[PDB]
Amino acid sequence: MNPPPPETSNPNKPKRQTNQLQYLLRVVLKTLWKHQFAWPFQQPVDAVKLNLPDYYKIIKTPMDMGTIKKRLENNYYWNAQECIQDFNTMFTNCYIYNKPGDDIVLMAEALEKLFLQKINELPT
């Protein structure tokens, strides 16, 4: 009843390593990954275990930090903006599905605040 997770590697997609991508993996993602609030974002939303039958009726573009982490480790991204887009998908899904002041939303907002600070420090 869960959808398959987003793809995290693709043999047909060109690959490269850049400073911005190495920074996204070794600084931005690590920082968020080890945050007190990271657990619910470390894997795709499991609508079965969470008992959310409408999650994937509302959320059609799922994203999560476990997928982002794999995509980085697998050199899935060609540029930093693809990865930043995935983070904003993850956050935006949370804010769309949930309500203001929900525990998961407040947790999302703290991680996004942190993400935004690290993304402001992106190497050129």
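Each residue number is its position in the shown sequence, starting from 1. Between two forms, the rigid core is the largest collection of C-alphas that superpose within 1.5 Å.
Asks: Hey, after superposing on the core, which one moves around more in 8 other deposited structures of this protein, 107-115 or 9-17, CA-wise?
Replies: If we average over structures and residues in 8 other deposited structures of this protein, the farther stretch is 9-17.
Asks: Which wins on mean Cα temperature factor, 46-54 or 77-85?
Replies: The stretch with the larger average C-alpha B-factor is 46-54.
Asks: Quick check: 6-14 versus 112-120, which has the larger average CA B-factor in the record?
Replies: Comparing 112-120 with 6-14, the higher average CA B-factor belongs to 112-120.
Asks: Identify, among 92, 98, 67, 31, the residue whose C-alpha carries the highest B-factor in the deposited PDB entry.
Replies: Reading the PDB entry, the winner on C-alpha B-factor is 31.
Asks: Where does residue 60 sit by CA temperature factor within its chain: lowest, middle or highest third?
Replies: Middle third by C-alpha B-factor.
Asks: Lowest, middle or highest third: where is residue 71 by Cα B-factor in its chain?
Replies: Ranked within chain, residue 71 CA B lands in the lowest tercile.
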